[PDB]
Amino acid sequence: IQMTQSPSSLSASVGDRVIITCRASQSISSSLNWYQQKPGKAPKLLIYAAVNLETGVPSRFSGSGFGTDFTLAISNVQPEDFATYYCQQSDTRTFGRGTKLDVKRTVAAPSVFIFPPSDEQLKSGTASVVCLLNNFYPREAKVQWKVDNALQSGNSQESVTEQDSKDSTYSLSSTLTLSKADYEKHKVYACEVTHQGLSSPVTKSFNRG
């Protein structure tokens, strides 16, 4: 009983019709559930037994399917409806990989910034470097940290904002954590960004330490 979901990523605009499909390796009859999870929130049940809708679910959400193939449809996608969706095998309680639904938009290159460690923080004994991507679409981005010629990962923690309502863009904050002794040993610091809108890697740096 392996559960597959399609599409893995979907981009839609308000007023469009969105369709997610979940295929089961073998027939599960109508024992298929659909859930909605918004970023950083607990899941919500939409449909149960393939076609039956839960209370509090907008009627624009519709369920269909029998046997192996099932479908979830949002008739008039709204800003509220953009979230991550899953299919679960009701009897076996097996969840699907999930589908992320975000607003459709033209590719926008990120605006890169690199902020050096603050003199206030350096006195404490710890130094943290921040690389900022401000307004880009799609969300997918590759951030690399190189100190002097090369640095590897394991020191970096990343954070991405949720898509903006007005501009439909994402912003990313990558923070590199270093010790005072280790930071002052090296002079150059840099971060490299890669993204569909970026034809060539954008790398911004500062020289002190």
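Position 1 is the first residue in the sequence shown; the rest follow in order.
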query: Mean temperature factor over C-alpha atoms, higher-scoring stretch between 192 to 200 and 8 to 16; finding: 192 to 200
query: 104 to 112 versus 91 to 99 - which carries the larger mean C-alpha B factor in the record; finding: 104 to 112
query: Residue selected from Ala50, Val147, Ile28, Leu172 by maximal Cα B factor; finding: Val147
query: Highest-ranked of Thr126, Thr71, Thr84, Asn135 once sorted by CA temperature factor in the record; finding: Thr126
query: Within-chain third of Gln163 by Cα B-factor, per the entry; finding: lowest
query: Record-listed C-alpha B factor of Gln152: chain third; finding: highest
query: Third of the chain's Cα B-factor distribution that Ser64 belongs to, per the entry; finding: lowest
query: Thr55, C-alpha B-factor rank within chain (lowest, middle or highest third); finding: middle
